[PDB]
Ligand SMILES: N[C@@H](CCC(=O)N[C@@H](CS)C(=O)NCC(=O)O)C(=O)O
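This document opens with one chain alone, in structure tokens, the form solved without the ligand.
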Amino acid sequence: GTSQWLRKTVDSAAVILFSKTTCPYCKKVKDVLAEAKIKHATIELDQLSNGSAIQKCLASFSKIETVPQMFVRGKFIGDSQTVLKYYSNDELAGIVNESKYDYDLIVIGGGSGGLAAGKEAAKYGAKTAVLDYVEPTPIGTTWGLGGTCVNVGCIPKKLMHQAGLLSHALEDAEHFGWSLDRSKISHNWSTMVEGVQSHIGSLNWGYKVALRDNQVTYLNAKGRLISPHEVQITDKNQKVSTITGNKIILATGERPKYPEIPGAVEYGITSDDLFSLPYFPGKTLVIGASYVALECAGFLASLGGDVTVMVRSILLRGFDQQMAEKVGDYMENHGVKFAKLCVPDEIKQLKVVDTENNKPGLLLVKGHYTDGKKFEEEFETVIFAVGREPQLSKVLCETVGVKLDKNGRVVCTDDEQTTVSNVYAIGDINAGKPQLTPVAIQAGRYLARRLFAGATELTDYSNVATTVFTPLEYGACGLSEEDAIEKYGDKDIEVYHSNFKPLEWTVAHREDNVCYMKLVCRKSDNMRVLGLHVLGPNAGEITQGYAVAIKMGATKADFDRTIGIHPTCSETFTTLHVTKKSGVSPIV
């Protein structure tokens, strides 16, 4: 029925006021709470489908059925008159604060997900604390509040991606009539890092202010869940203590892996160090083949660097592989070299990194190909991008009872709840969910609404669009081609595709048939669009809008009746017609 909704809501909420929009008694109580600097959620019963039933079940707690009723942490406080009797007796503050625990919510991890959840939580009166600590890299790198996206992920790579795109702007400017000469222009890595770190510092500080100004307690300490309500924190001065919270949210992210080979941890770096490195990396070897490894080799080339990528097997494993190879074939034609079907054996240090004069060392990389041929080349820097993983042993005592899948990730129900009942996990460590910063923000905000404001909304994790920020960007939404065929069979899958050329690339004398797009649709379902794929500039801005249509179950008919915006790259989606089965060429 409706009853157990109301028991969960009243039991979980901190300060909550069942109210009416038109009732003047309720309105005077609200303004009392505002003047009292008392935050709370407000369930206005007159704008819900069955508010009349909810007033009936309110009597199951309060022996009354009128409005307003105020509750604090499961307890019925009183009706109108009762609460202002507390106010002009000055007993209100004592009763709204009193609680079995120190906090209504402890969040372990101050990243995209945790900070999102704590800021939405304190909005509804939940007494909240948020914990964040950055264990240093093996060479000692460190950064402030915000998470992986803010300090060592989406933010600084797209800015470094942007510095690389700008090199083609300088090339293109001549053909559009600008007097400059691209041949006479070099890049300065340190000036870039300083501007990138300046914007990161603004984000760091701005998060501390958001927490300060929302009544969230920020603790720069490493917390560890020892029991289902108990968190054991460690100071900057290694000082250890214990706080307690009613509800706990785990959101501590992942960190870079290294291969188990000698020299790796000692002499190489990872993405965590690349964004604040104080010297240009020089001649660089990137080991791996995920979006991290391509994106970084991507801009490192565009800034004049001598870049090699060492690929064990395939590029972008798990993405559509036609597009993967189109991505990779572009980078190879524009500077990035690849050593295909090759794997590393050890790293020898020939020269130490020169802190004083600000210059890299010199390394020797020993490898072998699959056939058995041997690799051996000198490199000034070696970056490892061979995956990321959580380390929940540092965060979670075995004995508390939280179930971990075979990767170390947290098994949650579809509302983010662990096996222990009052503990939840969001973000990269939620098992089998897409590891993206906008996902972690939605899970975090939609969970806080459910805990402290009686919400029902769940996070939808399906058909979440992505974009890979390689020199030519690749945005995608939905299934890949190979996956659609495997799920429904080659006969039932029809693919529309077509090359294109940006107008902007005409005067600039760029390639005619590298930019490509395709719609993978299902025949026996009115040609429903299953996945969408585009390789070209601004692929992120192109793809986004269609993510809404695809959540709404778009079909090829819907794309055909929508008119294009001319001249854009994106309008090519509105008039696709060549089918893969037909065999007709997709060139311009």
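For clarity, a rigid core is taken as the largest C-alpha set superposing within 1.5 Å between two forms. Residues carry their position along the shown sequence, with the first being 1. Only residues modelled in both forms are compared.
Omitted from view is the form solved in complex with the ligand, to which the following refers.
- By the criterion of a heavy atom within 4.5 Å, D79 is counted among the residues contacting the ligand in the deposited complex.
- Contact check for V67: a non-hydrogen atom falls within 4.5 Å of the ligand in the deposited complex.
- Residue contact check for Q55: one or more of its heavy atoms lie within 4.5 Å of the ligand in the deposited complex.
- Along 11 to 45, residues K20, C23, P24, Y25 each place a heavy atom within 4.5 Å of the ligand in the deposited complex.
- Remark: 181 to 184 is the one run between the shown form and the other one in which three or more consecutive shared residues have Cα displacements of 2 Å or more on core superposition.
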